[PDB]
């Protein structure tokens, strides 16, 4: 269903759920997710996310298909996100 993004690593701090969809920087902000703040993400079965360093779904990126306690180079550097349903 949804992925849950956290402000700090190891699933700590402020958290927000994101169902499938495309989210620009402004759309993330409207959902209470400040720019370049995500540090960890939970990804349950059936969904995946593509985190982008730039708004508009562009730039360096990372595809998460399972829980990620940390994001390496994209830590506090995500500006847009696409959450995608992967049925099985």
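Numbering follows the first chain given and starts at 1.
Practice prompt. For the higher mean C-alpha B factor in the entry, choose 7-15 or 20-28.
Written response: Result of the comparison: 7-15.
Worksheet item: Per the entry, where is the mean C-alpha temperature factor higher: 36-44 or 53-61?
Response: If you average the C-alpha B-factors of 36-44 and of 53-61, the larger mean comes out for 53-61.
Worksheet item: Taking the entry's C-alpha B-factors for this chain, is residue 66 in the lowest, middle or highest third?
Response: For residue 66, whose C-alpha B-factor we compare with every modelled residue in the chain, the answer is the lowest third.
Worksheet item: In terms of the chain's CA B-factor thirds, is residue 1 lowest, middle or highest?
Response: Highest third.
Worksheet item: Which third of the chain does residue 81 land in by C-alpha B-factor: lowest, middle or highest?
Response: Lowest third of the chain for residue 81's C-alpha B-factor.
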